[PDB]
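One-based numbering along the sequence shown. Side chains are part of it too, since the values below use all heavy atoms of this structure and drop only hydrogens, waters and symmetry mates.
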Amino acid sequence: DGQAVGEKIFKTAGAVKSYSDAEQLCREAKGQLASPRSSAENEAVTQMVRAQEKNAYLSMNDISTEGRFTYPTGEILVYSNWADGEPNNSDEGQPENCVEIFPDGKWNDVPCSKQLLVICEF
Ligand SMILES: [Ca+2]
Ligand SMILES: [Ca+2]
């Protein structure tokens, strides 16, 4: 089941995990973390966040080069939807290398230790 755009399918079982535990769960299922590359893909992920009532991880991170957000291929973003003033690399001054998506579809950079909804893509 889940939500689809073109050949891409998004699914969740309601699991709530850290970034590294979320990545392991999606890879064990033979997929990867949600990686919305267009407005239409972003809207499909956002509908699932609203249904589950919990912010979700996206795949993308800046662990390599600070301020350059990349996919699991290591390629640069082809699409973004940052909330006003994001990304700011500031959890009360502390580093924020991972990305959460809100129920309004906007994005915020977070610490990779945060516990969030797990949404996978296939
Ligand atoms: Ca950062
Ligand atoms: Ca932030």
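- Residues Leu117 and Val110 are members of separate hydrophobic clusters, defined by side-chain heavy-atom contacts under 4.5 angstrom among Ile, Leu, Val, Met, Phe, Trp and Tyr.
- Not counting sequence neighbours, the partners of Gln3 by the side-chain contact (heavy atoms from CB on, under 4.5 Å) test are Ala44, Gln47, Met48.
- Here the side chains of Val45 and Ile119 are in contact, with some heavy-atom distance below 4.5 Å.
- Applying the salt bridge (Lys or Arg N to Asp or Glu O under 4.0 Å) test to pairs two or more places apart or on separate chains, none has a residue in residues 48-62.
- Among residues at least two apart or in separate chains, salt bridge (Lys or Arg N to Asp or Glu O under 4.0 Å) pairs with a member in residues 80-109 are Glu100-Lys114.
- With rounding to the nearest 0.5 Å, the separation of OG in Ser113 from CD in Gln94 is 10.0 Å.
- Residues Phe102 and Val49 are not in side-chain contact: their nearest non-hydrogen atoms beyond the backbone lie 4.5 Å or more apart.
- A heavy-atom distance below 4.5 Å is not found between the side chains of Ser64 and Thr70.
- Other residues sharing a hydrophobic cluster with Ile63 under the 4.5 Å side-chain heavy-atom criterion for ILVMFWY residues do not exist; the residue is a singleton.
- Residue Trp107 is grouped with residue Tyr71 when hydrophobic side chains (ILVMFWY) are merged at heavy-atom distances under 4.5 angstrom, including chains of intermediate members.
- Sorted by first and then second residue, the salt bridge (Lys or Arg N to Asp or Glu O under 4.0 Å) pairs involving residues 8-28 (not counting sequence neighbours) are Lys8-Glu41, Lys8-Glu121, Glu23-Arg27.
- Linking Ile, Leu, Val, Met, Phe, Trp and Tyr whenever their side-chain heavy atoms come within less than 4.5 Å puts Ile101 and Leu77 in one cluster.
- Checking side-chain atoms of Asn81 against main-chain N and O of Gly105 turns up a donor-acceptor pair under 3.5 Å.
- In the hydrophobic clustering, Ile9 connects to no other residue, as no ILVMFWY side-chain heavy atoms lie under 4.5 Å from its own.
- When every heavy atom of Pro95 is checked against every heavy atom of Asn89, the shortest pair comes out as CA-OD1, 3.4 Å.
- The side-chain contact (heavy atoms from CB on, under 4.5 Å) check on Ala29 picks up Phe122, with sequence neighbours excluded.
- Listed by chain and residue number, nothing satisfies the side-chain hydrogen bond (donor to acceptor under 3.5 Å, both in side chains) test with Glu75 (two or more places apart in sequence, or in another chain).
- If you take CE on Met60 and CG on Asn97, they are separated by 14.5 Å, rounding to the nearest 0.5 Å.
- Here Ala51 pairs with nothing under the side-chain contact (heavy atoms from CB on, under 4.5 Å) rule; sequence neighbours left out.
- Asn108 has its side chain out of reach of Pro87: every pair of non-hydrogen atoms, C-beta onward, lies at least 4.5 Å apart.
- Of the possible polar contacts, one joining the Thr12 side chain to the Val118 backbone as a donor-acceptor pair under 3.5 Å is found.
- Residue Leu33 comes nearest to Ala22 through the heavy atom pair CD2-CB, 3.9 Å, listed as atom of the first residue, atom of the second, then distance.
- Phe69 meets the ring pair (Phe, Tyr, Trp, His ring centres under 6.0 Å) test with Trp82; sequence neighbours excluded.
- Applying the side-chain contact (heavy atoms from CB on, under 4.5 Å) test to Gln115 and every residue at least two apart in sequence or in another chain returns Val16, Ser18.
- The ring pair (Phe, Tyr, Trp, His ring centres under 6.0 Å) pairs that include a residue from residues 23-61 are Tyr19-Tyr57, where partners are two or more places apart or lie in different chains.
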